[PDB]
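J.: The structure's right below; bear with me while I get my questions together.
Here the Cβ positions follow ideal geometry from the backbone for every residue, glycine too, while neighbour counts run over all protein chains shown. Read the figures in this text as sums done on the coordinates, not as results from a lab.
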Amino acid sequence: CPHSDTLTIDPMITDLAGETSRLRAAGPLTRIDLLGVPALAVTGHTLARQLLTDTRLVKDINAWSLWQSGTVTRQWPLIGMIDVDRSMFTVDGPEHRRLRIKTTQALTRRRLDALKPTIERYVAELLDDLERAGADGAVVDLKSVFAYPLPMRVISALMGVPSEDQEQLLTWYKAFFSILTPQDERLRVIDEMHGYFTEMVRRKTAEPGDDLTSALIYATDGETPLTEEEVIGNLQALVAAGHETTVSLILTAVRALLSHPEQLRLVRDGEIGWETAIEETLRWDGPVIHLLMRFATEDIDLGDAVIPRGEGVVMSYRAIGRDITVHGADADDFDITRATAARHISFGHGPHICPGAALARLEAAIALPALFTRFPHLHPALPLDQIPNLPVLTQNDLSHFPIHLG
Ligand code: HEM
Ligand SMILES: C[C@@]12CCC[C@H]1[C@@H]1CC[C@H]3CC(=O)CC[C@]3(C)[C@H]1CC2
Ligand SMILES: [Cl-]
């Protein structure tokens, strides 16, 4: 492969390890190309922390030079990750906190202890599915039977999505994220998803229930109520984020522990906490690869570099998790005993830091020990090295996870 000053992100994810290494080497700020569209990539831990609190980088797409000039339009296959309805995801400044508060309040750890019985029930239900699927030593897809449905069940219970609509949502998201989806079909799926969530908020407005979507609609606290667009916007972000990332976290942790048996023993024998094994997974093999996208409202001088006004800036969180300056020379290794396991920023940093990190950590802390307690000899039916990524450029999405129960 020839040398180039712009690092093209392969949409097929054929060499993720090599790409992540090249990003780190060319960092901590590099030029990248996203399906023919240029941007900058932040690949250093320290510089990411600084820029994630810099008020001169905004989420609003109208600040993008290439959106203003009309050179990037809705035909860009990744536009559904950026040009979205108004929500906590797209707002900065004082307006942002108003759109986050009820969600952060609902997602505090102690508030989540009321949801913990539900998580435990779904984990138990889907392990029963695993037991039936894996009878007579048959090969079982851990993703389809267990890891893929569980987070959609949990987030649906929190937000109020009916049990009978979840398979359709999953089908829509798979099309939304896959780069093979024809662009005209992807934009219609986005419109169909918007339509569903719009009617869901109108149904919850007329008949509220014990869920967060009703709390966003009502529960004013004395401040200006959220607009219909804002409620729908937060609902869409929460379901999309709450499902996509957690499926990856569950699967990557199982793969990391099954490929490092000595470390799986440490958490099963109670010498290292399962929570620590989860943090090292987030640092080393976390759900987000690249986070689109931030835009400079003015020129940002970084000493020996300048982010021009209007430039798009991506947070390459996977490369950031392999930061050798922060984690040492063995940063590319999975090691749940490392002293910097919980110092990652895989949930982000600054105002837009993930509001559901406590829920993500709770789902994994329940599912993982329950899986290995139920199936103590679970092992891969396919070499773990050969499980491919789905063609989703921005997310760490595994295709299928063939196992034997043992
Ligand atoms: C499972 C592991 C998860 C990871 C690794 C993760 C990662 C992230 C990151 C890195 C961001 C912000 C990116 C940035 O602004 O630079 C974010 C935002 C967000 N996440 Fe999480 N997430 C996870 C789980 C969840 C869950 C369970 C939920 C919902 C309960 C959730 C809901 C959200 C929302 C609504 C935002 C947007 C917040 C804002 O922009 O102010 N995520 N997530
Ligand atoms: C990048 C993530 C993982 C962490 C945050 C997620 C996005 C939140 C906003 C919503 C907003 C949407 O209606 C589309 C999906 C989107 C961009 C999420 C995609 C997946
Ligand atoms: Cl060069």
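J.: Looking at segment 90-103, which of its residues are assigned to a helix (DSSP H, G or I) and within 15 Å of ligand 2 (Cβ to nearest atom)?
T.: Residues satisfying the conditions are 96, 99, 100, 103.
J.: Tell me yes or no: at least one residue of segment 376-390 is in contact (Cβ under 8 Å) with a residue 60 or more places away in the chain and within 16 Å of ligand 2 (Cβ to nearest atom).
T.: Yes.
J.: Of the residues in segment 1-48, how many are under 23 Å from residue 70 (Cα atoms) and among the charged types (D, E, K, R)?
T.: Final tally of qualifying residues: 2.
J.: Going through segment 356-381 one residue at a time, which ones are under 18 Å from residue 152 (Cβ atoms) and not in a helix (DSSP H, G or I)?
T.: Within segment 356-381, just 356 meets the criteria.
J.: In this structure, does residue 35 turn out to be aliphatic (A, V, I, L, M), within 28 Å of residue 186 (Cα to Cα) and surrounded by fewer than 18 Cβ atoms within 10 Å (Cβ to Cβ)?
T.: Answer is yes for this residue.
J.: Condition first: within 22 Å of residue 356 (Cα to Cα), away from ligand 1 (no atom under 16 Å from the Cβ), surrounded by fewer than 16 Cβ atoms within 10 Å (Cβ to Cβ) and aliphatic (A, V, I, L, M). Can you find one or more residues in segment 200-217 that meet it?
T.: no
J.: Right, here's the next one. Are any residues in segment 359-399 among the basic types (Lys, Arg) and surrounded by fewer than 19 Cβ atoms within 10 Å (Cβ to Cβ), and if so, which ones?
T.: Answer for segment 359-399, where residues must be among the basic types (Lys, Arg) and surrounded by fewer than 19 Cβ atoms within 10 Å (Cβ to Cβ): just 374.
J.: Sticking with this structure for a sec: Residue 220 versus (1) closer than 27 Å to residue 18 by Cβ; (2) in a loop (DSSP other than H, G, I, E, B): which is the lone unmet condition?
T.: (1)
J.: Return the only residue of 79, 61 being free of Cβ contacts under 8 Å to residues at least 40 places away in the same chain and within 14 Å of ligand 2 (Cβ to nearest atom).
T.: Answer to the check: 79.
J.: Need pairs with beta-carbon distance below 6 Å; first residue more than 12 Å from residue 322 (Cα to Cα) and within 16 Å of ligand 3 (Cβ to nearest atom) and within segment 1-23, second of a type in the set (A, V, I, L, M, F, W, C) and not in a helix (DSSP H, G or I); sequence gap 6+ or separate chains.
T.: That search, which allows pairs on different chains as well, returns 7/32.
J.: Quick one: which residue in 39, 48 is part of a strand (DSSP E or B) and either touching a strand residue (DSSP E or B) at 6+ places or on another chain (Cβ under 6 Å) or within 16 Å of residue 354 (Cα to Cα) (or both)?
T.: Of 39, 48, the one residue that is part of a strand (DSSP E or B) and either touching a strand residue (DSSP E or B) at 6+ places or on another chain (Cβ under 6 Å) or within 16 Å of residue 354 (Cα to Cα) (or both) is 39.
J.: Looking at segment 64-89 only, could you name the residues that are within 18 Å of residue 296 (Cα to Cα), in contact with a strand residue (DSSP E or B) (Cβ under 9 Å, 6 or more places away or on another chain) and assigned to a loop (DSSP other than H, G, I, E, B)?
T.: If the condition is that a residue be within 18 Å of residue 296 (Cα to Cα), in contact with a strand residue (DSSP E or B) (Cβ under 9 Å, 6 or more places away or on another chain) and assigned to a loop (DSSP other than H, G, I, E, B), then 64, 71, 72, 82 are the ones that fit.
J.: Still on this model: Hey, among 150, 187, 264, 258, which residue is touching a residue at least 40 places away in the same chain (Cβ under 8 Å) and within 15 Å of ligand 2 (Cβ to nearest atom)?
T.: Details: 150 fails: within 15 Å of ligand 2 (Cβ to nearest atom); 264 fails: within 15 Å of ligand 2 (Cβ to nearest atom); 258 fails: within 15 Å of ligand 2 (Cβ to nearest atom).
None of the other options fit; the residue is 187.
J.: Now, a different point. Name the residue that is nearest to residue 322 (Cα to Cα), counting only residues in segment 24-36 that are away from ligand 3 (no atom under 16 Å from the Cβ) and in contact with a strand residue (DSSP E or B) (Cβ under 8 Å, 6 or more places away or on another chain).
T.: That would be 28.
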